[PDB]
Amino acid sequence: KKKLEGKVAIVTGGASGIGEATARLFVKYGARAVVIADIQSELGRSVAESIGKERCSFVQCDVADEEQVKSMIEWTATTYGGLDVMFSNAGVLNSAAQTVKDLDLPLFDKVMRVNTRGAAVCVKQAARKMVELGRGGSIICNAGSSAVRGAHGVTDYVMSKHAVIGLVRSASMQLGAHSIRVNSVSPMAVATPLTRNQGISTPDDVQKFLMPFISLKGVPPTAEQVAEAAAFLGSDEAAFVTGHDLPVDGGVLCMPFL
C-alpha cells in the first residue's frame, strides 16, 4: 500500500524545484490527484502534462491573494472529492544581499508578501476546507534552515521563515481539535531558480558555497529528499506528528558567510 494512496494534494509553487519534485513524488506514492498552484502558467501546465493530466491539474494562483487561493482550493475539492494534504511551498528570494544595515525595504515587502502572507492565506484556506470536510488533514509549509537561525544576509528571507515557524506552531495548536496536523519542512542545499538569486545554480555551487557549513558528507543534496520528507508528513506514517519543523539540510552548522 503506497503511503499517499487515494489522497488529494495541493502543492503551491509546484511548477519548479522542490514543489515540482514533490508533486511528482506524491503521484508516485499513489495520490488520487495533485493540484499545482503557481503563477508560472506555461511552466505549471507543462509540469502537469508531464505528470499526467488524469492525476495532476494546474491552477493559476498567486498564494498571497486570498480569493485566488480560496477559488483554487474549492476547485480542487469539487474536482477531486477532497483535500487531504496542502503543501504551502511557494517562496521568493531577492538577488540583493539584504543585509540589515543596507536592507531594501521594498524588496523586504516582496519577500514578506509571498513567504508570510502566502503561508498564512494557504494555511487558513486549507484549514477551512479541511474543517468543512471532517476528515482531518495534513498541512505542510516549506520553511528553510534560516527559519531557526540567523544569517549574514537575506535578512528579509530569514524573518519570513521564522514567521512561518510561528504560523506552524500556532496552527498546530488551533487545528489539532479537528485532527488536522500542521508541520514544516526546511531545506537548505537544493539548487533551483530561487537559489540562483543568491548564486547557487549548479550542484558544484552547492558543494563550494554551502557544503562547508553542512555536517553530512557523501550524500549529494536533492529536491527529491525534501519531497520525501513532505510525503512522510503528508501521510499516515506521521499520524501523530504536529507542530514540528523537519529539516532536510544535512545538519547545518551555521548559515554561510557573505
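When you see a residue number, it is the position in the sequence shown, counting from 1.
The stretch 41-49 shows the higher mean C-alpha B-factor when 41-49 is compared against 221-229 in the entry. Here the stretch with the larger average CA B-factor, out of 58-66 and 193-201, is 193-201.
Looking at the C-alpha B-factors along this chain, the one for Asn94 belongs to the highest third. Among all modelled residues in this chain, the alpha-carbon of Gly82 has a temperature factor (C-alpha) in the highest third.
Remark: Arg169 belongs to the lowest third of its chain, ranked by C-alpha B-factor as recorded. The PDB entry assigns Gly134 a C-alpha temperature factor belonging to the highest third of its chain's modelled residues. The entry lists a Cα temperature factor for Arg117 that places it in the lowest third of the chain's modelled residues.
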